[PDB]
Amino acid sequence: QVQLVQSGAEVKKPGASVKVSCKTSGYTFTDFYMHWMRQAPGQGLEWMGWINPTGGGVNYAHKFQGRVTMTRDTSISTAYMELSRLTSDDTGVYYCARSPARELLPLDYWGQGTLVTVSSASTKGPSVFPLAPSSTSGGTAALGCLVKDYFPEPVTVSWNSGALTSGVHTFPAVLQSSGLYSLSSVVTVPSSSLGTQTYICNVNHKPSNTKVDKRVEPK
């Protein structure tokens, strides 16, 4: 086994700094280079730099030169990555990838990633509004919930405490101009059950430790 475990998600105000750890096991930590990656939402991968764990020497990309600090602790086989003076386009998922010897091309093993969100907004619980059905679509009706104005990602939406899974589509969140995320979760159900079957969406927002249960009733 070759394993790379990173620290939990971080939320930072602009101008602050974030530090992410990369605890490795299953191999000699000093025999391989450790690289740092990041991926903006909907974008590709870009390379930030690497650190040689033997002596701590680093090689940063010119984009992050003078703004990223990469260290390591051999006693715990952990590599650290710090990014200072954060900005909106510093939001993304950061990875630590292993490469053989004094190389950078083969990235055989990667960490699970660390979500870093940079914004002037503060962590806020979501406002769940009903997508109430009426039906004018044959024997199938559509209903759902609108998870509105929450920060940061992510939120998880289930239906009837997971009892209702067929026909459920939970769409990716969109970043509004106010800096707050908003997504919708929908489910197609038989129209004959709108007035009798109870439909409840369970929205969980771990960053704010807020769970909202909302019943969607027909109009």
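The first residue of the shown sequence is 1; numbering continues from there.
Counting the deposited residues that fall between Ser134 and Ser135 and carry no coordinates gives a value of 1 to 3. Looking at 177 to 185 and 25 to 33 together, the entry lists the larger mean B-factor for 25 to 33, computed on C-alpha atoms. Here the stretch with the larger average CA B-factor, out of 52 to 60 and 152 to 160, is 52 to 60. Highest CA B-factor among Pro130, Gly92, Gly138, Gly125, as stated in the entry: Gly138. For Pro14, the recorded CA temperature factor ranks within the middle third of the chain's modelled residues.
Annotation for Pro100: CA B-factor lies in the highest third of the chain's modelled residues. When all modelled residues of the chain are sorted by CA temperature factor, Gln197 is found within the highest third. Annotation for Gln65: C-alpha temperature factor in the highest third relative to the rest of the modelled chain, per the entry. When all modelled residues of the chain are sorted by CA temperature factor, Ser84 is found within the middle third.
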